[PDB]
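File shown: entry_36.tsv. Contents: TSV, C-alpha atoms.
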```
chain	number	residue	atom	x	y	z
A	2	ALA	CA	49.44	6.20	-16.17
A	3	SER	CA	46.98	8.22	-18.25
A	4	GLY	CA	46.68	11.99	-18.52
A	5	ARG	CA	44.48	12.67	-21.54
A	6	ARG	CA	47.42	13.14	-23.90
A	7	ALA	CA	49.09	10.04	-25.32
A	8	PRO	CA	52.27	9.51	-27.42
A	9	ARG	CA	51.75	8.04	-30.89
A	10	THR	CA	53.09	4.48	-30.82
A	11	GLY	CA	53.61	2.34	-33.91
A	12	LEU	CA	55.71	-0.43	-35.43
A	13	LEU	CA	58.57	0.36	-37.80
A	14	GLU	CA	61.31	-1.51	-39.67
A	15	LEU	CA	64.76	-0.84	-38.21
A	16	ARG	CA	68.09	-2.16	-39.49
A	17	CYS	CA	70.70	-3.98	-37.41
A	18	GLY	CA	74.40	-4.64	-37.94
A	19	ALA	CA	74.64	-2.38	-40.99
A	20	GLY	CA	76.19	0.60	-39.23
A	21	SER	CA	79.60	0.97	-40.85
A	22	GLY	CA	80.39	-2.33	-42.54
A	23	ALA	CA	77.69	-3.16	-45.08
A	24	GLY	CA	78.31	-6.89	-44.75
A	25	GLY	CA	75.01	-8.36	-43.63
A	26	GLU	CA	71.95	-6.15	-43.20
A	27	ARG	CA	68.99	-7.04	-40.99
A	28	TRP	CA	65.62	-5.28	-40.80
A	29	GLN	CA	63.37	-6.05	-37.84
A	30	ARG	CA	60.11	-4.67	-36.44
A	31	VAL	CA	60.40	-2.11	-33.64
A	32	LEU	CA	57.90	0.07	-31.78
A	33	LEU	CA	58.34	3.85	-31.79
A	34	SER	CA	56.69	6.13	-29.23
A	35	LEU	CA	56.61	9.80	-30.23
A	36	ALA	CA	55.17	12.05	-27.52
A	37	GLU	CA	56.08	15.68	-28.22
A	38	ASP	CA	59.67	16.72	-27.57
A	39	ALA	CA	60.93	13.16	-27.10
A	40	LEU	CA	60.77	9.78	-28.82
A	41	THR	CA	60.93	6.53	-26.84
A	42	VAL	CA	61.68	3.44	-28.92
A	43	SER	CA	60.99	-0.11	-27.75
A	44	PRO	CA	60.45	-3.69	-29.05
A	45	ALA	CA	57.00	-4.95	-30.01
A	46	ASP	CA	55.04	-8.09	-29.15
A	47	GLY	CA	54.15	-10.97	-31.45
A	48	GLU	CA	51.57	-13.32	-29.95
A	49	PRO	CA	47.91	-12.23	-30.40
A	50	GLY	CA	46.03	-11.14	-27.29
A	51	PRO	CA	42.53	-9.69	-27.90
A	52	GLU	CA	40.49	-12.04	-30.08
A	53	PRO	CA	38.11	-10.70	-32.78
A	54	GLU	CA	35.37	-13.06	-31.59
A	55	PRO	CA	34.48	-11.60	-28.15
A	56	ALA	CA	32.22	-8.54	-28.03
A	57	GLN	CA	31.92	-7.36	-24.43
A	58	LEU	CA	29.39	-8.76	-21.97
A	59	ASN	CA	26.83	-5.96	-22.26
A	60	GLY	CA	27.67	-3.24	-19.77
A	61	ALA	CA	29.99	-0.24	-19.49
A	62	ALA	CA	27.22	2.35	-19.79
A	63	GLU	CA	23.79	1.99	-18.19
A	64	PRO	CA	21.71	4.34	-20.41
A	65	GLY	CA	21.91	4.77	-24.17
A	66	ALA	CA	22.56	1.74	-26.37
A	67	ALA	CA	26.33	1.63	-26.90
A	68	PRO	CA	29.57	2.06	-24.88
A	69	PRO	CA	30.42	5.80	-25.16
A	70	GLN	CA	33.95	7.20	-25.37
A	71	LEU	CA	34.67	5.68	-28.78
A	72	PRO	CA	38.16	6.82	-29.95
A	73	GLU	CA	38.98	7.25	-33.64
A	74	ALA	CA	42.71	7.21	-34.43
A	75	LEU	CA	42.70	4.05	-36.58
A	76	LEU	CA	38.97	3.44	-36.36
A	77	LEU	CA	37.83	6.73	-37.90
A	78	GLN	CA	37.79	4.90	-41.25
A	79	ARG	CA	34.38	3.95	-42.67
A	80	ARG	CA	31.52	3.32	-40.24
A	81	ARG	CA	30.56	0.31	-38.12
A	82	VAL	CA	26.88	0.87	-37.30
A	83	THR	CA	24.84	-1.66	-35.33
A	84	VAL	CA	21.17	-2.55	-34.91
A	85	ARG	CA	20.23	-4.18	-31.60
A	86	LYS	CA	16.66	-5.47	-31.59
A	87	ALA	CA	16.87	-6.51	-27.94
A	88	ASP	CA	18.05	-3.06	-26.86
A	89	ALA	CA	17.31	-0.32	-29.39
A	90	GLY	CA	14.41	-1.69	-31.42
A	91	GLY	CA	13.36	-2.70	-34.91
A	92	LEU	CA	14.73	-1.36	-38.19
A	93	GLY	CA	12.87	0.57	-40.88
A	94	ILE	CA	14.99	2.03	-43.67
A	95	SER	CA	14.67	2.25	-47.45
A	96	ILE	CA	17.87	1.19	-49.19
A	97	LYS	CA	18.63	1.03	-52.90
A	98	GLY	CA	21.34	-0.56	-55.03
A	99	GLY	CA	22.22	-2.47	-58.17
A	100	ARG	CA	25.62	-4.17	-58.32
A	101	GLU	CA	24.27	-6.12	-61.32
A	102	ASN	CA	26.13	-3.46	-63.29
A	103	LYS	CA	28.04	-1.18	-60.94
A	104	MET	CA	25.56	0.36	-58.52
A	105	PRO	CA	26.64	-0.14	-54.86
A	106	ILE	CA	24.06	-0.51	-52.09
A	107	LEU	CA	23.45	2.66	-50.08
A	108	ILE	CA	20.99	4.23	-47.64
A	109	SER	CA	18.09	5.64	-49.62
A	110	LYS	CA	15.82	6.41	-46.66
A	111	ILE	CA	15.21	6.04	-42.93
A	112	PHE	CA	11.47	5.39	-42.55
A	113	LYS	CA	10.12	6.67	-39.22
A	114	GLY	CA	12.37	6.88	-36.18
A	115	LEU	CA	13.32	3.22	-35.78
A	116	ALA	CA	16.63	1.74	-34.62
A	117	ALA	CA	18.15	3.10	-37.83
A	118	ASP	CA	17.11	6.57	-36.67
A	119	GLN	CA	18.37	6.47	-33.08
A	120	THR	CA	21.57	5.05	-34.56
A	121	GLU	CA	23.16	8.32	-35.68
A	122	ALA	CA	25.99	6.02	-36.77
A	123	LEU	CA	23.95	5.55	-39.94
A	124	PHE	CA	22.38	8.11	-42.29
A	125	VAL	CA	20.95	8.58	-45.78
A	126	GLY	CA	24.32	8.61	-47.51
A	127	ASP	CA	26.34	5.47	-46.77
A	128	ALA	CA	27.18	2.29	-48.68
A	129	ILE	CA	26.89	-1.03	-46.86
A	130	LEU	CA	29.34	-3.89	-47.40
A	131	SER	CA	30.25	-5.59	-44.13
A	132	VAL	CA	27.25	-6.57	-42.01
A	133	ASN	CA	27.12	-8.69	-38.84
A	134	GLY	CA	30.78	-9.36	-39.53
A	135	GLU	CA	30.45	-10.49	-43.13
A	136	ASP	CA	31.44	-8.61	-46.24
A	137	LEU	CA	28.64	-8.99	-48.78
A	138	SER	CA	30.11	-6.49	-51.25
A	139	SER	CA	29.33	-9.16	-53.85
A	140	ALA	CA	25.66	-9.18	-52.89
A	141	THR	CA	23.51	-6.84	-54.98
A	142	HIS	CA	20.62	-4.85	-53.49
A	143	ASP	CA	18.39	-7.89	-52.93
A	144	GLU	CA	21.20	-9.64	-51.05
A	145	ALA	CA	21.62	-6.45	-49.01
A	146	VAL	CA	18.06	-6.67	-47.75
A	147	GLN	CA	18.29	-10.35	-46.86
A	148	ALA	CA	21.70	-9.69	-45.30
A	149	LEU	CA	20.38	-7.16	-42.79
A	150	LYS	CA	16.86	-8.61	-42.76
A	151	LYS	CA	17.87	-12.15	-41.80
A	152	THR	CA	20.05	-10.77	-39.00
A	153	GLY	CA	18.73	-10.20	-35.49
A	154	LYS	CA	19.63	-9.24	-31.92
A	155	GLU	CA	22.60	-7.23	-33.17
A	156	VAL	CA	23.06	-6.18	-36.77
A	157	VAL	CA	26.55	-4.69	-37.05
A	158	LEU	CA	26.33	-2.88	-40.38
A	159	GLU	CA	29.62	-1.60	-41.80
A	160	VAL	CA	29.14	1.14	-44.39
A	161	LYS	CA	31.46	3.60	-46.14
A	162	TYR	CA	30.81	7.33	-46.49
A	163	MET	CA	31.04	7.60	-50.28
A	164	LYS	CA	31.26	11.14	-51.64
A	165	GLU	CA	34.45	12.38	-53.28
A	166	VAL	CA	36.14	8.99	-53.61
A	167	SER	CA	36.96	9.78	-57.24
A	168	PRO	CA	38.77	13.16	-57.47
A	169	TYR	CA	38.56	15.28	-60.62
A	170	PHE	CA	41.58	16.05	-62.81
A	171	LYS	CA	45.16	15.35	-61.73
A	172	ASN	CA	46.11	17.71	-58.90
A	173	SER	CA	47.29	15.49	-56.05
A	174	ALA	CA	49.80	12.78	-55.16
A	175	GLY	CA	53.19	13.34	-56.77
A	176	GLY	CA	55.92	15.94	-56.48
A	177	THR	CA	59.60	16.65	-57.11
A	178	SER	CA	61.40	18.75	-54.50
A	179	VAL	CA	64.97	18.24	-55.76
A	180	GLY	CA	67.49	20.43	-53.97
A	181	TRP	CA	67.29	19.11	-50.42
A	182	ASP	CA	70.07	16.56	-50.94
A	183	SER	CA	73.08	18.80	-51.48
A	184	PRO	CA	74.48	20.31	-48.24
A	185	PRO	CA	77.03	23.19	-48.35
A	186	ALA	CA	79.32	21.82	-45.64
A	187	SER	CA	79.22	18.58	-43.65
A	188	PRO	CA	82.24	17.65	-41.47
A	189	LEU	CA	83.21	14.00	-41.99
A	190	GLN	CA	86.22	13.85	-39.66
A	191	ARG	CA	85.34	15.55	-36.38
A	192	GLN	CA	82.02	13.68	-36.17
A	193	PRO	CA	83.07	10.42	-34.42
A	194	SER	CA	84.79	12.43	-31.68
A	195	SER	CA	86.88	10.89	-28.90
A	196	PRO	CA	85.74	7.50	-27.48
A	197	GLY	CA	83.43	7.96	-24.51
A	198	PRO	CA	79.78	8.27	-23.34
A	199	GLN	CA	77.66	7.79	-26.46
A	200	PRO	CA	74.02	6.55	-26.21
A	201	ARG	CA	74.21	4.53	-29.43
A	202	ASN	CA	73.43	1.07	-28.08
A	203	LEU	CA	70.29	-0.98	-28.74
A	204	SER	CA	69.10	-2.73	-25.57
A	205	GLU	CA	65.38	-2.39	-24.85
A	206	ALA	CA	64.50	1.29	-25.21
A	207	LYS	CA	65.95	4.10	-27.31
A	208	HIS	CA	64.95	7.48	-25.89
A	209	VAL	CA	65.95	10.48	-28.02
A	210	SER	CA	65.30	14.20	-27.62
A	211	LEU	CA	63.36	15.99	-30.35
A	212	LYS	CA	65.23	19.26	-29.77
A	213	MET	CA	67.77	19.13	-32.60
A	214	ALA	CA	66.60	15.90	-34.24
A	215	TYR	CA	66.54	15.60	-38.03
A	216	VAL	CA	64.19	13.61	-40.27
A	217	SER	CA	65.40	12.14	-43.56
A	218	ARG	CA	63.80	10.07	-46.32
A	219	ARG	CA	65.83	7.61	-48.40
A	220	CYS	CA	64.68	4.80	-50.67
A	221	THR	CA	66.34	1.48	-51.49
A	222	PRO	CA	64.31	-1.67	-50.60
A	223	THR	CA	61.87	-1.36	-53.52
A	224	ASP	CA	60.55	1.85	-51.97
A	225	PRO	CA	59.40	4.11	-54.86
A	226	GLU	CA	57.31	6.23	-52.49
A	227	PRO	CA	57.30	5.19	-48.78
A	228	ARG	CA	61.05	4.92	-48.21
A	229	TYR	CA	62.72	4.62	-44.81
A	230	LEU	CA	62.93	7.53	-42.37
A	231	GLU	CA	66.08	8.65	-40.55
A	232	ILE	CA	66.12	10.27	-37.11
A	233	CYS	CA	69.52	11.86	-36.42
A	234	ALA	CA	69.64	13.32	-32.91
A	235	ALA	CA	71.56	16.52	-33.67
A	236	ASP	CA	73.93	14.29	-35.64
A	237	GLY	CA	75.89	14.02	-32.41
A	238	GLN	CA	73.91	11.85	-30.00
A	239	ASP	CA	71.96	9.18	-31.87
A	240	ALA	CA	70.57	8.16	-35.26
A	241	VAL	CA	67.57	5.85	-35.52
A	242	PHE	CA	66.21	5.16	-39.01
A	243	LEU	CA	63.19	3.00	-39.83
A	244	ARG	CA	60.38	2.49	-42.34
A	245	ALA	CA	56.63	2.30	-41.72
A	246	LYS	CA	54.06	-0.12	-43.14
A	247	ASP	CA	52.70	2.12	-45.88
A	248	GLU	CA	53.92	5.32	-47.54
A	249	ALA	CA	51.31	7.34	-45.66
A	250	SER	CA	52.37	5.85	-42.33
A	251	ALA	CA	55.81	7.27	-43.08
A	252	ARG	CA	54.32	10.53	-44.30
A	253	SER	CA	52.67	10.87	-40.90
A	254	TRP	CA	55.82	9.69	-39.12
A	255	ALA	CA	58.27	12.02	-40.81
A	256	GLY	CA	55.49	14.58	-40.80
A	257	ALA	CA	54.93	14.12	-37.07
A	258	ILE	CA	58.60	14.20	-36.10
A	259	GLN	CA	59.23	17.15	-38.41
A	260	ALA	CA	56.16	19.02	-37.17
A	261	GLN	CA	57.16	18.25	-33.57
A	262	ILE	CA	60.89	18.98	-33.68
A	263	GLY	CA	60.73	21.92	-36.07
A	264	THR	CA	64.47	22.36	-35.63
```

Structure rendered as structure tokens:
Amino acid sequence: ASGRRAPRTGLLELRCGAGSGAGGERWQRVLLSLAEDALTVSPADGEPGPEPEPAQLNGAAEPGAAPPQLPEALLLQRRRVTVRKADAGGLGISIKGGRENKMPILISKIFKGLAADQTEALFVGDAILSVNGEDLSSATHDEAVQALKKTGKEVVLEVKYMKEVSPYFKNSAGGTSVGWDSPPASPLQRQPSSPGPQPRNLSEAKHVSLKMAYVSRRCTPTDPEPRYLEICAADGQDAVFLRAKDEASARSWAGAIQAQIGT
């Protein structure tokens, strides 16, 4: 099953037992799949599958010098360039750095059109740090040369596009909405309704419609920013609340559900 589009799936912290007693909480990891107008929850795995040692067996694409169709999502961060001598060719760039004080190593030039040239992945404006699978951030310029110079066959250089890493003046991160926590009227008697069909059980999957769903943000477990999200299905069908790994992960979660539902 694969039709271009794909629902955003991620792990979140969901509570258990604490529904209307408050006598023994329990937060566990749970996977959440948000497509568009529907969210399908499900448990996550634990044992590791794909090892970080293997690196394909040279194939996929015949031409070029790297398996095309490289998705971003969680890989769009920094850059993982490579230099294959037994495929692309030799390297000929002019770097410059000086960590002796506080000058990070970066691309100063790309002499001729060597492997460094054909490798668009790299360009005169990136700072190296993790090469051939080894962070040498604590290896001044000289060490940078020997790091990529000693390598061979496949030099996986991991650089970071440094530009506006240090913003100017305070004008981001931080805000006080205040006012979205005082409803005019909220029935607290005709909510439970008569006992009958109510999809509020946790078995294996928790599918909920994003038609009249609501997203909330409450803090408690030492959450002075991230906080846990709350998904109330029209406050009359279901209510799944969970917290992400980082504050941003929740910003994207609540931001994705809110931007999707738009109730």

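In this model, the gap between atom CA of residue 193 of chain A and atom CA of residue 239 of chain A comes to 11.5 Å.
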
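Between residue 227 of chain A and the candidates A:105, A:154, A:16, A:245, the tightest atom-to-atom separation, counting all atoms listed in the file, involves A:245.
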
Fill in the blank from the handout: atom CA of residue 53 of chain A to atom CA of residue 30 of chain A measures 23.1 Å

Practice task
May I have the protein, DNA and RNA residues with an atom at most 12 Å from (56.4, 0.2, -46.1), counting all atoms listed in the file in the file's coordinates, returned as a list in words?
Solution key: residues 12, 13, 14, 15, 28, 30, 220, 221, 222, 223, 224, 225, 226, 227, 228, 229, 230, 243, 244, 245, 246, 247, 248, 249, 250, 251, 252 and 254 of chain A

Provide an axis-aligned box for all listed atoms of segment 119-134 of chain A, padding each side by 5 Å; report its centre and its edge lengths in Å to one decimal, as AutoDock Vina command-line options.
```
--center_x 24.6 --center_y -0.4 --center_z -40.9 --size_x 22.4 --size_y 28.0 --size_z 25.6
```

Exercise for the section: Write out as a count of residues only which residues come within 9 Å of residue 157 of chain A when counting all atoms listed in the file, dropping same-chain ones fewer than 4 positions away. Expected result: 10

Practice task
With a distance cut-off of 12 Å and only C-alpha atoms, select the neighbouring residues of segment 43-52 of chain A, excluding the residue or stretch itself and same-chain residues fewer than 2 positions from it, and output the selection as a ChimeraX atom specification.
Solution key: /A:10-15,29-35,40-41,54-57,203-209,241

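Atom CA of residue 63 of chain A lies 25.5 Å from atom CA of residue 113 of chain A.
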
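Distance check against residue 257 of chain A using all atoms listed in the file: of A:25, A:121, A:39, A:4, the minimum falls on A:39.
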
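Polymer residues near (57.2, 22.1, -37.7): counting all atoms listed in the file with a cut-off of 12 Å, they are residues 37, 38, 211, 212, 214, 215, 216, 255, 256, 257, 258, 259, 260, 261, 262, 263 and 264 of chain A.
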
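The closest residue to residue 200 of chain A, picked from A:147, A:3, A:95, A:238 and counting all atoms listed in the file, is A:238.
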
Practice task
Do a neighbour search on residue 93 of chain A at 9 Å with all atoms listed in the file, toss out local chain neighbours closer than 6 positions, and write the hits as a PyMOL selection string.
Solution key: chain A and resi 110-118

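Closest approach to residue 36 of chain A among A:7, A:96, A:62, A:173 is made by A:7 (distances from all atoms listed in the file).
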
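Distances from A:188, A:60, A:72, A:153 to residue 90 of chain A were compared using all atoms listed in the file, and the smallest one belongs to A:153.
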